[PDB]
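Protein chains in written order, with the authors' numbering: chain A, 1 to 552; chain B, 96 to 1016; chain C, 472 to 570; chain D, 323 to 372. Cβ coordinates follow ideal geometry from the N, Cα and C atoms, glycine included.
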Amino acid sequence: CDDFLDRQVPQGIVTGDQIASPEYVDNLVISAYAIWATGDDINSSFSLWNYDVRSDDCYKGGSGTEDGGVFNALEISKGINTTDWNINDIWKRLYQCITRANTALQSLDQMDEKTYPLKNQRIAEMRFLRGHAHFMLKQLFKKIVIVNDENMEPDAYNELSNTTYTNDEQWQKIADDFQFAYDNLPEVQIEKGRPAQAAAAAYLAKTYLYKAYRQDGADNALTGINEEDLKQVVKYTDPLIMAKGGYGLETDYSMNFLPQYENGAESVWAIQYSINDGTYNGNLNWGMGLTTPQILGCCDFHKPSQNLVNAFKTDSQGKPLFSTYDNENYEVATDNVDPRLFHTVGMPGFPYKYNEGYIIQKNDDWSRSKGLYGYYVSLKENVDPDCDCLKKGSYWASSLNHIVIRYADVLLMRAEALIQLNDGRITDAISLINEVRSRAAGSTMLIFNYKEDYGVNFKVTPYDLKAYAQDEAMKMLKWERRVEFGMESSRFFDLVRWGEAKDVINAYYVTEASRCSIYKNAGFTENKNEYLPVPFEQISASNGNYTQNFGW
Amino acid sequence: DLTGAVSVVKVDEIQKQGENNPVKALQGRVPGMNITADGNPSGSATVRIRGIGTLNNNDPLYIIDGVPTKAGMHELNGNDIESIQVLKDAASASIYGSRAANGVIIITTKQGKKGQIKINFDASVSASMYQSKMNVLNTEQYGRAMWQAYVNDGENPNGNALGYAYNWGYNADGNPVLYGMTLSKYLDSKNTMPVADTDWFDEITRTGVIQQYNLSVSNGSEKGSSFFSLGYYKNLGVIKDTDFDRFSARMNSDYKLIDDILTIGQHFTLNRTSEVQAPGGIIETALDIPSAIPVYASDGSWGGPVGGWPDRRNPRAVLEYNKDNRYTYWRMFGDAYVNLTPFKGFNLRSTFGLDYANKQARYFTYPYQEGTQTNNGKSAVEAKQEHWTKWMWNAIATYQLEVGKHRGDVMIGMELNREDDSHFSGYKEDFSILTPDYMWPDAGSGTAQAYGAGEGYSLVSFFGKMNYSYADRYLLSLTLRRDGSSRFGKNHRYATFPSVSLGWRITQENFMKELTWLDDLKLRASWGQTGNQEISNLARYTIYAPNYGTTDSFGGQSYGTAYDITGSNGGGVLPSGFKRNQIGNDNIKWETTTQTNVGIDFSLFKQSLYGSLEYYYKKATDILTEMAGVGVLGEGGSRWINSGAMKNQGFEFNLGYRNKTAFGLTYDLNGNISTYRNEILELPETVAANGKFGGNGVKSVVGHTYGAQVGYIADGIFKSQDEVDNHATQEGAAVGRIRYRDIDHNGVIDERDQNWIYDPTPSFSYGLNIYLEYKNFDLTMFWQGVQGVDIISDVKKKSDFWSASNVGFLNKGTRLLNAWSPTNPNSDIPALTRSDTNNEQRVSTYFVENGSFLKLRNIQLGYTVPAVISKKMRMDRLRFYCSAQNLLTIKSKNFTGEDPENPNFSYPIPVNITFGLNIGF
Amino acid sequence: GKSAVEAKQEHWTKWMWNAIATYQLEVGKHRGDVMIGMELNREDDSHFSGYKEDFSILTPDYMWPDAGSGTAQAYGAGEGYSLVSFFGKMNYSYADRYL
Amino acid sequence: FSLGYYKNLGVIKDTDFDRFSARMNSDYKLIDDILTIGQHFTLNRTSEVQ
Ligand SMILES: OC[C@H]1O[C@@](CO)(OC[C@H]2O[C@@](CO)(OC[C@H]3O[C@@](CO)(OC[C@H]4O[C@@](CO[C@]5(CO)O[C@H](CO)[C@@H](O)[C@@H]5O)(OC[C@H]5O[C@@](CO)(OC[C@H]6O[C@](O)(CO)[C@@H](O)[C@@H]6O)[C@@H](O)[C@@H]5O)[C@@H](O)[C@@H]4O)[C@@H](O)[C@@H]3O)[C@@H](O)[C@@H]2O)[C@@H](O)[C@@H]1O
Ligand SMILES: [Cl-]
Ligand SMILES: [Mg+2]
């Protein structure tokens, strides 16, 4: 009667009661890291590259405009629906990174320090993770729900709103998590997947840099650049913070995208993709699953643009062609080029990721688009085909860390807040841009031979150190970020921060319709397309709580 | 049950479709009972009683020889069935078990009769041919089409990196017209794939053979009886490398001890079924791959795409490579009982049933390499094992009493149920020999993975039910249940489900002395509630699983807890943890279907012209519902909750005419026609915007039929540029494209322009059996129809646009050879284009079609060698017959596919031609 | 701190078919039986097994193969044999005296 | 028709054995006593920790 319906208990799971336990607390912090390598999928790389197709760095690529149609629409800024499955996707996905970081914190809050000497260091790790999610989430959507109450009960999540805080108070909440991390993270983390203190400082400084170009008006246009914020970018990129955790610029530019040089001194914080590791095919970077070129039979997404390729040209003395670079294509015999081109972009006639036996061609063997999306290939996230680190599951994936913060990113974030403060520190932004620039100048290991073999002419020199105008120094900073971080999916995000998106990519739309048919119907709509729409399924379920962005 | 709502089945007609599955024969035989199945050789179906009862499981409950089971019928011997009644309202079914909500099918197997030693041998053999051959472009049509789509866009039609070279120009009006065309001998630059013109549906299909043999033996003494059935079935499906077989044995027996007081008996069936099944989505692959791809390469190998052809695989390869993935299934089923009669009218009997199945299989991964369609060189094997061990025990007391005027029966008792499942599996990679002989787990060189879990549930159920009849004139019945369940916490375990029913046999009221033309006429009315607990064995709980990452996952997103926290790059075991799979609900209770049913029976001249009609109001409340989480809740926010409700009203009518004619011919009719409306009343808010049950997540399904859908409206196609400019501003519209309606007249076509465009319900379904019997010869036809049903065509995306598909250059149906252009303006089909700029894939009225039909589900013709000739062979029964199943279909002119009963991608329903006999001593 | 579980499964599927003919005859003095026939046998075996290590809860309830954090191993093979056998045997008895 | 159960708790602690058993045998004599048809059949679930 009663002995009978209590006998059958659940198998192979841990229950709501038990997961609190201290025995499991460190399982939850790992599980919370895991989802960064195991929660994305081929259309939702926590690289946000699917969504960086909007930019002038690249096209989506693939079979054609119906191979991922919702991402075409983002690429031309026409046709985007708020129902679109992809936007609901990334929105749901990043909030489930958060639940892991939050469940860990709900258990870690109950721990006692005298018997768990790490307690706070572990809380900081989890909080850092939590900011990473909100940050990217904020980048995608602007008007996001802050989930920072780890002891909040399930039914409390319907009474949440993405307008509880204001667009700046929302940015400050992301900083509150990164700030805490700075205070309590170790100086050096020996378990390299855990962020160290300089990583929290880096992401914190990144958060302020995005918080300072303010949009306190009701639309997405800029309402000034907050002085007090930029002064916090410089604080938490102080060379002394970074030197305590040993980070710096790699000797040769290419190391940040090779698997032998994983976890370098420029890898400030990086997702630890792994192989031969207990899992089914391995914790490979499935997110880049589609960007492998046709030479593996699929799929040919994430193709760099003729805009970006020409962006690597330089003039007689080795400086970019700010005005004219994009008026005739790069031709290797006669133009001067930044080495960084042959680290970012695998072009026809050249080796595929430094393997002189895979030569790339305007061919069924490399591009899937029959010419539509061009014939360029992304090199950063792809690897040598003979790598021990590549493996075909359902797509071709590898063990190559995605670096969330390259140390070059902190030097350019520092040089940026310097140039915006305009307080006579401009000669230091230039020294910063010059570090990034003359490393690139001599990043010819793995491509040393490219002159005699192909006639390429590397010319890249650092800028003379005068007291540049705020704006004239700005374009040299903007150009350095364009060539340093090509195809790493934080380009379009650069522009929406600057309030420049509608202008440069609508201009990219018409220069690049010559090179890529798809951009012929394209139109970026000011105060609308700077941000993905908040997903309609979320809005409609919140009962008027959640609020759309200006434009829909 | 004389007060219920009970469709009875003529089990004789059942075998005249030669189905393996008895339920597949009942298709359309019973009003209100929608039986639905594809053409696959196991005959497996799904039953739906009275619309769509609830939001979780709608599968009915079978009670075979007193034992419950919710699965099978296609796993058992349909040939040793003797009785089948479907019980449709809450009252008649409510007492047969704790799971009646979705209807209750009583099934009674054969057994020996007092004083008889009969024996029957039945034996059949059929051929099955592919009916619904979907017409897809050949290598030259695919050439004409691609030229059109290329020019319609004004780019050079020779810029195809395929083997095509064109010869074209402009006519008088300056329109693109095509003259001739030339094609390469080889599809790729290295000349390793010949260009071909294959008919992939001719290739992947064969002529199936079906085959059945049953042997029944009986024996009946006064002190007990016994039965013994033997039987085999073998169906080679119409898809190559798919088959099914069943071996079956049943032994039933009873013993009458201690005069005829103490009785002891047992039913028991034994079954080994075995199958290799069609792979997931081969029909869609066969639609997609161009004719130009050859079955085989220049060398021996299988053909695939090379150079510039689409990302689609070899359908003859996949069907071969999967030819060895055979499960084999052993299901023991039966009961045992004791029955005591301490004094006349009072019986104490208790049954004990056993339903145990095990299912072994080895699934083989071989390396493939058709064209650019690689696998690397993966080899692996997975040895899966599964167990379901169900058992039931009950005990029953019954006193019947006839006062003199009156009659009355009483029953009380209790029932116990416990399913205990498990399943485990060993997977290993790398094999130096790729045969099922070498490919065992000890022969592996590579990595392995282990998998396996278990679960179960126990059921307790106290019940009573009581009857009465004044004097064959006025009939009452009442039932009261108290059902508990393992799935719920202590605070909601047991609910209480009472039911009432009435009946008035108006003909025995000799106030109808007069009317002689009318033998019976009976008015009955039901009200009852039936509990539903058919939910996850883990619904109550908050589920944290450790999920390392060890399982296959597509495109990523394994949601694994393991992570290289050390930066190792792996090589060794990683630290891991726990993810959340769900969130608890302490307060889940039963869901309750309440069914109210009214009906009348009747019987007219000589008891020819018989039938019955019924009207129900079926309502499920406190519906148990897998309630999606809120977005910001994130991972594993699903939880079970009793939020939701749904109703189901309708009419069920069966009516048949018997009579002989004086010239030897006998003719017997048996039609039936149902209808019903289904509406969702309430629903939690996440389930609403989920669209899970209807809204496509644009609108909410509350107020509409379960599965209703929302989309745009296809006002034809733009025919000239001024219909575009005067239309609402619509992104990507031009002369050629589909015009979409402006439903809020805001002057722009955006996503707000969608309304309810699909309702899956039929405006009435029906079926009719005709029997003719003239001078030994017997002929039977069973028709079945469904008029009113809407149908969402996903094939139309492949037959009406060069680019309503995610990847370029797929094969496309034949229809687009008839698309619009300047040159051909008498067509609905929008002009070919290479790019879907008008998003013609969006949910349109374009894809909603009249899927109504009437099929000749079966036709049979036989001869019965008269007893004079057969009985010198010393035989009671000698009959030869021959049948056709699904021989012919009739459908709407505005339906573009082949089989409207299966428009898209499921296993084609084939046409069977059958031969057989019935020896019977 | 080893924990692990191994889920083993084994199958033996043996079957036999034979057919027999027998004529017995009582002459009057004598008696005699004759039998001929054939028999077929086929055993087909198999056995397979999944093994996994590491369990955060050490009960038969938690300790299934999906709950494992550690390394796994798979095992399993099959084998069999078929038998054919033609036979006869014949009897006699003079008169309950000599058999 | 045979039904039967056995349960032996061994003399070593944490060792036992059980057996559930069912047998149904039956013959039929058809066509006077010429044609005969029959079946024997036993069903068993044994379970042990050794
Ligand atoms: O349309 C609404 C629909 O979108 C969904 C699901 O599709 O999004 C949710 C969720 O699903 C994904 C991934 O799981 O959807 C994939 C999505 O990505 C795109 C572009 O974004 O590109 C996919 C590319 O993959 C390929 C690769 O094929 C491979 C190569 O390694 O070759 C064979 C052939 O498939 C495979 O073994 C390999 O994967 O295609 C896979 C893609 O194509 C589809 C088309 O149905 O599968 C092909 C299969 O379909 C069949 O017809 C029937 O099974 C067979 O012919 C064949 O097996 C689709 O199921 C697969 O996802 C390459 O061709 C593509 O370039 C889009 O094209 C694609 O839609 C994620 O985006 C997202 O997170 C749901 O919400 C909703 O159901
Ligand atoms: Cl719980
Ligand atoms: Mg509108």
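Check	Outcome
Status (buried if at least 16 other CB within 10 Å, exposed otherwise) for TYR225/B	buried
Inter-stretch contact (C-beta, 8 angstroms, three-pair minimum) for the region 691-709 of chain B and the region 66-76 of chain A	no
Range covered by the alpha helix (DSSP H) that runs through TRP49/A	49-52
Beta-carbon gap between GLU777/B and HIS799/B smaller than 8 angstroms	no
Under 8 angstroms (Cβ pairs) to chain B, residues found in the region 480-491 of chain C	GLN480 and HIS482
heavy atom of ligand 3 below 7 angstroms from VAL938/B C-beta	no
Buried versus exposed call for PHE758/B [16 or more other C-beta atoms within 10 Å across all chains shown]	exposed
Contact the region 470-490 of chain A vs the region 446-456 of chain A: 3+ CB pairs below 8 angstroms	no
Cβ shell of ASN158/A (< 8 angstroms), same chain only, five flanking positions each side left out	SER542, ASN543 and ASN545
C-alpha distance - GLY644/B paired with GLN260/A, whole-angstrom precision	25 angstroms
For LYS213/B and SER324/B, the rounded distance between their alpha carbons	12 angstroms
The region 295-313 of chain B in contact with the region 187-196 of chain B per 3-pair CB rule at 8 angstroms	no
Below-8 angstroms beta-carbon distance, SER348/D vs any chain B residue	yes
is_contact[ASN172/B, chain D] using C-beta, thresh 8 angstroms	no
Three-way DSSP call (helix, strand, coil) for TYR203/A in this model	helix
Min CB distance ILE334/D to chain B below 8 angstroms	no
Reference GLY508/B; option with closest CA among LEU575/B, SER316/B and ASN632/B	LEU575/B
Below-8 angstroms beta-carbon distance, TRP404/B vs any chain C residue	no
Cβ-based burial, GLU250/B [other Cβ within 10 Å; buried from 16]	exposed
Chain C contact for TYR59/A (CB, 8 angstroms cutoff)	no
Start-to-end residues for the alpha helix (DSSP H) that takes in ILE378/B	377-383
Contact with chain B by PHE339/D, beta-carbon distance below 8 angstroms	no
Members of the region 961-984 of chain B that neighbour chain D once the beta carbon cut-off is set at 9 angstroms	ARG969
C-beta neighbour in chain B for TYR552/C, strict 8 angstroms	no
Check your reading: residues with Cβ closer than 6 angstroms to ligand 2 heavy atoms	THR15/A, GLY16/A, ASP17/A, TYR636/B, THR637/B and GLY679/B
Sequence-distant residues of its chain with Cβ nearer than 6 angstroms to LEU290/A (five each side left out)	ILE42, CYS299 and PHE301
Quiz: which residues have CB nearer than 7 angstroms to ligand 3 non-hydrogen atoms	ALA823/B, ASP837/B, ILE838/B, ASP839/B, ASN841/B, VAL843/B, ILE844/B, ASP845/B, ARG847/B and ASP848/B
Nearest neighbour of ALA270/A, chosen from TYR213/A, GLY371/A, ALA196/A and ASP219/A [CA to CA]	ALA196/A
Any C-beta of chain C under 8 angstroms from that of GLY539/B	yes
beta-carbon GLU379/B near ligand 1 non-hydrogen atom, thresh 7 angstroms	yes
Interface residues of the region 7-40 of chain A facing chain C [CB-CB below 9 angstroms]	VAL9, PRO10, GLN11, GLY12, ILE13, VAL14, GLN18, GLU23, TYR24 and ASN27
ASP155/A Cβ short of 7 angstroms to ligand 1 heavy atom set	no
N-terminal and C-terminal residue of the beta strand (DSSP E) that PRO1003/B is part of	First-last for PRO1003/B: undefined, no H or E at that position.
For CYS58/A, the residue or residues it bridges with in DSSP	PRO304/A
7 angstroms Cβ cut-off: residues of chain D touching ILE214/B	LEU352
Alpha carbon of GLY679/B to alpha carbon of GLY16/A, nearest angstrom	7 angstroms
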